[PDB]
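A single chain, nothing else alongside it, follows as structure tokens in the form deposited in one PDB entry.
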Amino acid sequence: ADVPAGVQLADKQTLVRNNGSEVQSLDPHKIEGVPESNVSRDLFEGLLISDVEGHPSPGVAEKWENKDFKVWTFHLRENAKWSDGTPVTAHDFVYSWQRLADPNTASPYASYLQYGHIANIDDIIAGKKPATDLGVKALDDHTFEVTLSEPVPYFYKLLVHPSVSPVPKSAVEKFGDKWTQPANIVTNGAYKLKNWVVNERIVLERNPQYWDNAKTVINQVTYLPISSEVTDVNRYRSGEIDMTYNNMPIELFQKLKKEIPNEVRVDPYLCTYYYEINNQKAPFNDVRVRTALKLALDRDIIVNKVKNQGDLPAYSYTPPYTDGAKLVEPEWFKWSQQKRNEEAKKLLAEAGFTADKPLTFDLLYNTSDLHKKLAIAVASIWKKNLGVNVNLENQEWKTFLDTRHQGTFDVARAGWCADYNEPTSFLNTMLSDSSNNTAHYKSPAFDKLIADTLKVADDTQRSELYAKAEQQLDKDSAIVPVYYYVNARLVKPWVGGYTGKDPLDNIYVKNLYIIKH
């Protein structure tokens, strides 16, 4: 943290953050969500990290070079250490990226190495070549070299993500899935794990072996798993919580902006809220059905009437303000809702649905005040606008993500936030073989468009190709875009260091501080 000249620090440097749900895991290779990544950033540090405004910056690697954007060489700082005092080396990165790639690990983010195009990853994922053939090597203990199969000028932007953080081989090998328990875990970020009580709290304490430890200010941070946005606000206003999770309750938000204006933080956020359709399950394998659902949903009602927190109605997957997005807004978004409603009804009637034999399916969502209220609203809108019946189902966060991966669903609420600021952080999750493809969408035409993006060495050709890929996705109605998020949360006035400038919201507790109050 960089404490401004003249700020008075609190005697007690402790923080309590709400984190939305119980995490899937603390193992960087077994996680895919925001709550998971929030804790991961304090415990495990990769080659690069985001600074306080979100720019990619030195992490374990203090400097790096590239040759033709295909061979990337990272020079690791000599004093990077694990919490047990042992050196972080380039060998730890070799072991870790191979473990991520290994199909036996079954990481939801195995495809992050395909997104960066690390040599031989397709064959490793497919079981055709062993994980030790991955194109990474330690040239010495402090030098990590990555070889890609084609030029990727934004490659280094990928490296702040938890999936490419190091994991300690000896703990993994000795303890298996219990390696992340407090008694067994070893970490290289600013913090160490002190306590982990499922569905109660995760408590982290400063890691004195962290190379940048002298600049760490917060001594202990607690992450809570509260999924009720009402409860989070209540425990924030009672004094227990210093920073809520960034999901705000419909019940209280309008009141909060008039009661504590200065605590309500609302900033740009590169995330998209949508209804994920299971594209491989009948009758959702019929484009008419998907298009009808997409068109009949009234975004103006959801965004400005029922939620009204500053979100923007969405017509694409990739947020339009992503660095490198130059998207074409489809004509259906400019129509009136009435005209969208008639087109929808026409397509469903064309697909075989009648008043006698209507369309009925499930709408799955993760336990939450906000998502339940939006799902009830969407169910009513679809009932009234298109004659469809929906059965709402809630599941806890970890279970909900597993259900989507299993494909044991019809339609699911969903949100995707960028891992790196560039359109393929979204678009690569819809590739036929992506490990992140919970939509179960498989389009050779879409796949081809993205493959072509690294076959040109031109930024305008790439942007035009991203735009065409979004059009192909839209043409197929793979999903139902609802809104682009804003990052709204409450932050006590005494929490310093949270700028709200990072559109990825990659917060590190090592950057915060508590002002005397």
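Numbers follow the displayed sequence, beginning with 1.
Absent from the display: the form deposited in another entry. The rest refers to it.
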Treating the motion between this form and the one not shown as two rigid parts, report if residue 104 and residue 195 share a part. yes
Which is it in that other deposited form for the CA atoms of residue 157 and residue 460, closer or farther than here, knowing they shift by 3 Å or more? closer
Taking the shown form as reference, the Cα pair residue 160 and residue 460 shifts by 3 Å or more in that other deposited form and sits closer
